[PDB]
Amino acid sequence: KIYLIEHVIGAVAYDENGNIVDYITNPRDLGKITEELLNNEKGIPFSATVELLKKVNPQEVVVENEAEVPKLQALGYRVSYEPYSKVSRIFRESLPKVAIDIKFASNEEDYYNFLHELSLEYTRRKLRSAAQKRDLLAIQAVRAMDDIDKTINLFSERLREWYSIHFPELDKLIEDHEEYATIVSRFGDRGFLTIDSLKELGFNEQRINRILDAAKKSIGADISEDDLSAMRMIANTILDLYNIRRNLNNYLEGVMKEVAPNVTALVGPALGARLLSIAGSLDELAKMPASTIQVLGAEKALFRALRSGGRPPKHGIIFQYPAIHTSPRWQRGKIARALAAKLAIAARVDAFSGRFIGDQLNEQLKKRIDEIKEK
């Protein structure tokens, strides 16, 4: 009976054949119209639409946005939805002129000048809202934390080669990078090593014995203090990086408990945030089926196999989940499919703000993994 048109222009009521029945023009306010476009996206009718229908008292209203149908029905109207109707094309083909007739704009230039500021303002607001989503902070943080891990390993490999020129035996004696960098930072010249100074740093007596024995037998070269100091710059940097790594990990814990507590209950904050990073957002993660979640991070292996026909990957980044990588190869598929199943549930509960069930998801999984290990 009546076709409702909602546009920057205002609200316009049309017949079956395209004749304007009546209209209410929007104010020429950028703030007001953007707010109403944002509202209208979640189905809220323009306030100009509410005044229009109250005046036109229509028998049946055809709208163009499906989410708007319940909103108008709750006002007491008979409402149907119609996509790309003939009438709304007829309306769109009569712009910019119809904006002059209904007196939103004085001429074509005036109309398009306003429309241009409108699109900018609309876009700026949708950019601000996207930037407010707090899952972006978890994602950047865990990406930075992974950069730091990689850097710690890169610099520690370099320091071991560089310092082994002066004390090569230490490399194989100290497996822990942070301890190795501690020894190089604190002492430099292997001649400065002693029981008390090593004890003071927290080494136990057997370890201290192996170290002082190696330092005394050492086949390494004699280098200068300046040479040692170039090496200690790397060691100190490594120590600083571990401190940042631990801060970032504590930061990430608080954000992930806030942003995705159910996922965090299952996999912890770091691995939870890596799932977000690869998905791109919590909302994206919560659309994925378990079988996609299962291989997030394995895109190289998956597409290599999808081409060559070779063997597909059993797991992506969730391989970091201890019960996956510390179990035998033949159990890993099944465990990864059990975890992916609970991740998919946890992500939906988090994305829709459902009630926290993460601890129960964990129990269900631990017990399901127990079933599997009987293999």
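Residue numbers run from 1 along the displayed sequence.
Per-stretch averaging of Cα B factors for 175 to 183 and 190 to 198 places 190 to 198 on top. Looking at mean Cα B-factors across 212 to 220 and 291 to 299, the upper value is held by 212 to 220. Note on the listed residues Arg134, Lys86, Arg274, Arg160: the highest Cα temperature factor in the record is that of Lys86.
The entry lists a Cα temperature factor for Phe104 that places it in the middle third of the chain's modelled residues. When all modelled residues of the chain are sorted by CA temperature factor, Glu205 is found within the highest third. Ranked within its chain, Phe46 lands in the middle third, by CA B factor from the PDB record. Among the modelled residues of its chain, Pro322 has a C-alpha B-factor that falls in the middle third according to the deposited record. Among the modelled residues of its chain, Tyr122 has a C-alpha B-factor that falls in the lowest third according to the deposited record.
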